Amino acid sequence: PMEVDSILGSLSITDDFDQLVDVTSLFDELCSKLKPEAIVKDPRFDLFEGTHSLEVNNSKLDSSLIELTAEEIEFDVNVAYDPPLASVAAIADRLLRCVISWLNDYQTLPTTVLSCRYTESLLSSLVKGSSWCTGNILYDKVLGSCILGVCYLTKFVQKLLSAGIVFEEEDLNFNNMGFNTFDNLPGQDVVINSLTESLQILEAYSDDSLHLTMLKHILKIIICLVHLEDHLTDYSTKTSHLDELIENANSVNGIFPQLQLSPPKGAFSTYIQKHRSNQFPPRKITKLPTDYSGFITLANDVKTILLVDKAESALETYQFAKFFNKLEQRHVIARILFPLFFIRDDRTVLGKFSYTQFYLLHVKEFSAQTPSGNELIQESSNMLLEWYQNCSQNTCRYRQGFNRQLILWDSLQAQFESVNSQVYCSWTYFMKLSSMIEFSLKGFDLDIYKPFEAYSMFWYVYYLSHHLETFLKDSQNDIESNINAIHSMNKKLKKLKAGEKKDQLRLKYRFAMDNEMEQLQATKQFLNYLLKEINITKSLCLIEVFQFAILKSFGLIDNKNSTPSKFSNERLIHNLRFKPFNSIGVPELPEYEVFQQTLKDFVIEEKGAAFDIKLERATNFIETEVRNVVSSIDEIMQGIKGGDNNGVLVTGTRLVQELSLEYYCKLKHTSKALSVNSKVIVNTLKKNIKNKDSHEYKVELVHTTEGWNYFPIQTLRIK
């Protein structure tokens, strides 16, 4: 207000327009003639576009009305606030925790990195071509290097998002409020040198304080964050800077309780939302993390990404994609990094194979057959790469990615089928049916399905798993037939005496052993693992189906909505749930009547002693099958620990050995919980029938805390 430039600036507002006429009166006359329902607008314009509009004099939609304190309004970057070392250290600390809040906690960029007045100041001078002079070495040189390091980081995040790997404003917010630095922002060498030079200034200080130790660790942390681009520019697998990031983050965490930090008031504010061009409503600053543990999570997640470079087969990459992001959602930086690190600049996979070579490796390890630029293979290779990329999506988008895949895998399989290419048709079928199963079970982890829908989905996945097991069993029989054909040659050689025809048979037999046998054995043991895994899935779904049928036998749950409504019917609701599988020909989606009839065979409609005998068969199956599942999981876990060279199983889990063990451990926990819960249900319901004033129960799909929540526990609970 009192400032000079705002005063004189009032006269300059109308300078651009040579002559202005007031038309307020004409506007009100015309608007009065309009009918109340009427809107005057361009005929081409759609009124939905106005649904994302701001509104003046609305506190929640007007950033011009943001309330700021005097310190927030008057904060000056050129003032060296006292005490300088403690203040600079507190400024750098909060900026780093703003980085964590932005990336780890999914907060907006305007409320984290851009809330700092120093980052705004540097980015503003960088747009034209430190940007503040305080005369103090901590503010001008040390803190300036810090701001430059973080600004270099956000620029690198912008490059990561430009690849379109993940979804904007869902996995990662990048509203930089119109900032474009062109080529003005310096390169990596300048930033690292600037941060190193500030480190040497801190070494020169004779006095040692906890604040000084803090600032040294902060500076080295920033250097490590600047080095994260090495994994894309040079595809480096080195973990030195990542290990340093962990060490320094751990040292700072022990320092946090020992000292108190207070940044200068107004250093971080919503000021930039109010005065910089902003097309979005104002947002408050969310509470920041209290420690640097988020940097540890970031460093380990990126370290996991680099492990895929060590893969020596298609099965090792496949299992890496199945497990690296499966137990819990990885950091967004690591999730963007994996597809860019896996699918590289020169249109190669890991710099080792081309796209078609990588695809043919998957077919070869699954079918054990040599091929002996095709368009079908080109499309299949692209389809497979999209499958890998979908693995690093968030837990919701992961399931949504299969919606697109299922119909594209089906169309691809039918196109292979029309040209009678049965090897690729076979592998496509395996991927489609595995994706159908994974897509369906993933709905339980996201709580998509209501308890009354539990039978429909679990039985459908059992139905799918039965077809997958039949397909895999036939595949393994063909492999064994090829293995025995080679064995029969050796038997025939022993019968043959020395002759020219024996030379032919020895020639055929030696080539097979040298070129085909080793892959056949590996494929046979791989299919052995897939059969064990799919039988575990098949058994667990059946266990769930039996559990549901026991609950319905006691009248506690039905396969439709309990409280009917006038608007819809159960057939329409059933068809809507299975719409994603409706266009897939093989295996055909069972008709609504088949779902109903199958449940009737499971449900015990008898009463009294006859009911008790049939219930005992159902509960004994659940307990017996749970123990068999535990035995199968145990065998798989032994195979994972033993490795792929032990002659029985091939799992390809070398790169994700710990994570795959942790998964099956969680799967074993869920299996045991299913059996325990079945006993609780039966004991509870037998007592309940006896009593006339029985309790009113509801069924809930409960997640096991240390289990695998593709198979929730159908739990009774008093209403």
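The first residue of the sequence shown is number 1, and the count goes up from there.
The stretch of deposited sequence separating residue 129 from residue 130 contains 4 to 9 residues lacking coordinates in this entry. The entry shows a gap from residue 372 to residue 373, with 4 to 9 unmodelled residues of the deposited sequence in between. Of the two stretches examined, 240-248 and 626-634, the record assigns the greater average C-alpha temperature factor to 240-248. Annotation for 400-408 versus 494-502: the higher mean temperature factor (C-alpha) is found in 494-502. Of the candidates 524, 216, 571, 303, the deposited coordinates give 216 the top C-alpha B factor. Note on the listed residues 222, 448, 86, 337: the highest Cα temperature factor in the record is that of 86.
Annotation for residue 709: CA B-factor lies in the lowest third of the chain's modelled residues. In the deposited entry, the Cα temperature factor of residue 656 sits in the bottom third of values across the chain's modelled residues. Compared with the other modelled residues of the chain, the Cα B-factor recorded for residue 688 ranks in the highest third. Per the deposited record, the Cα B-factor of residue 282 falls in the middle third when ranked against the other modelled residues of its chain. Ranked within its chain, residue 443 lands in the lowest third, by CA B factor from the PDB record.
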